[PDB]
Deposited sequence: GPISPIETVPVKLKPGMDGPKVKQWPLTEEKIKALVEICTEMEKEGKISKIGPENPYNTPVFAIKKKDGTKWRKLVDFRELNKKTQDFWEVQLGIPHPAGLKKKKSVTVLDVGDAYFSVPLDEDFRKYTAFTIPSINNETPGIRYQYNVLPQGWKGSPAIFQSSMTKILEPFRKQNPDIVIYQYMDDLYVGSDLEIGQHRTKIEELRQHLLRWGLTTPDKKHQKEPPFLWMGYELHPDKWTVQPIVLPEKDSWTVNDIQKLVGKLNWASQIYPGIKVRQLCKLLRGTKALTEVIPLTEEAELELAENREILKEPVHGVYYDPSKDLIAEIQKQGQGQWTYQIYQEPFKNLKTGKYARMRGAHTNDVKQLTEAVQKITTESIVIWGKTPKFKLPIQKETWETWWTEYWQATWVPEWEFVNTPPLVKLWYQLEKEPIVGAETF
């Protein structure tokens, strides 16, 4: 078996990411996993002359609490991006988002057979740390294509089409998409004979349930009141005035006109005819599909999340602020747990629709997220994330989305 030469962009250095400290139960699990991977030739111990490093974690994965190892190849993936997108880019099927049911399968073990270019192995270095820095740190590097590196499916992609090409002739109205270590299978067939059709594929490759059209953007709905008070108008005006950055046709001019002079907040205010009309067009703008937003493939996707309270979270996927390609609500345990499942939901939905993962903006302190995110992580990829405040009007606006 012959290796594809790989290379960093010619001004780049290798990953030198510091290892976040691990619990004893996960250091032990990693030591066990890595001696078995080394015993099978997949990784090799390295000396101190290798200066690179990439973080490593342990997650409970495959619905069973047998530990899995997750290497965080985010920095390496950025440093090899022209390799795995421009040169050997997997194409994304626009039809996949339209199948009535899509299941996801782990194709992770397939990389283990394929070797990895000699001159690239040093950049896959990682370090099992030790409690209280009491022992120096166990260093390895990959000899075979690593799960979690984006160049892995890029290299294995030519071999992957030959495993599935016989399947494609059989079921020509089934769509297969590969994103990193995952296979997304698209079918319009009934849910009962979907599982039989997705097993036979699973059985087929060993010899070597998403509903995307259920996803749908809900519209904003405004208060409906028999009586309006000064306070109700002021709250509504502040929201609609902010929301005009999203819907430029929204107007508050006839609502502000009702607030003449220095009124007590509880005073009742009869909506004049001009007010009733402005409110009624405002509603229709919000009930209509938002318009003027279109996906730009040269831009990063961004996912923002607001803690709504009582186990409820709102989220938006966009590229330019206020131009939402998608919005939605994730419902039900603790904040970190819920936030981890929201991030995973939004990322696979993002993989299905565009073939890319969004960069997340999370409403949590970094150090708390860095302590607990592997506690519930089940995915083989790790999105990019950063940590943000949530302005009050944002939370107040997306709290108005209609529920299923």
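Undergrad: For this chain, which runs of the deposited sequence have no C-alpha coordinates, given in order from the N-terminus?
TA: Absent from the structure are positions 1-5, 214-233, 358-362, 435-441.
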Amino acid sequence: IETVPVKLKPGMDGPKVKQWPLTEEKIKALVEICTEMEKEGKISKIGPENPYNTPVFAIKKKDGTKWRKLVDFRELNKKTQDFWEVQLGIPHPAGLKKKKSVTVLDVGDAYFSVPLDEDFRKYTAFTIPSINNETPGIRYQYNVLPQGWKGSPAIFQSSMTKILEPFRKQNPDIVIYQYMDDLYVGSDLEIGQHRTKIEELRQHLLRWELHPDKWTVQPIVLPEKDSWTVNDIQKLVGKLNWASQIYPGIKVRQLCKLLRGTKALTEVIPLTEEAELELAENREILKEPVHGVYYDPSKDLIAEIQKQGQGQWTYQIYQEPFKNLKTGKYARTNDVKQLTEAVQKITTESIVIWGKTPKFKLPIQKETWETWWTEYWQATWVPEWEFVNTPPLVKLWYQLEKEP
From here on, numbers count along this sequence of modelled residues.
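Undergrad: Taking the recorded C-alpha temperature factors, which stretch has the higher mean, 341-349 or 59-67?
TA: Taking the mean B-factor of the alpha carbons in each, 59-67 is higher.
Undergrad: Tell me which stretch has the larger mean Cα B-factor in this entry, 99-107 or 135-143.
TA: Comparing averages over the C-alpha atoms only gives 99-107.
Undergrad: Just the C-alpha B-factor column, please: which of 263, 283, 78, 197 has the biggest number?
TA: Highest C-alpha B-factor among the listed residues goes to 197.
Undergrad: Out of 17, 394, 12, 382, which residue has the highest Cα temperature factor in the PDB record?
TA: Each of 17, 394, 12, 382 was compared by C-alpha B-factor; the highest is 12.
Undergrad: Thinking about Cα B factors across the chain, which third does residue 238 belong to?
TA: Ranked within chain, residue 238 CA B lands in the lowest tercile.
Undergrad: Looking at the C-alpha B-factor of residue 92, is it in the lowest, middle or highest third of its chain?
TA: Tercile = highest for this residue's CA B-factor.
Undergrad: Split into thirds by Cα B-factor across the chain's modelled residues, where does residue 216 land: lowest, middle or highest?
TA: It falls in the top third of the chain.
Undergrad: Which third, lowest, middle or highest, does the CA B-factor of residue 305 fall in along this chain?
TA: Bottom third by C-alpha B-factor.
Undergrad: Classify residue 184 as lowest, middle or highest third according to the C-alpha B-factor given in the PDB entry, relative to its own chain.
TA: For residue 184, whose C-alpha B-factor we compare with every modelled residue in the chain, the answer is the highest third.
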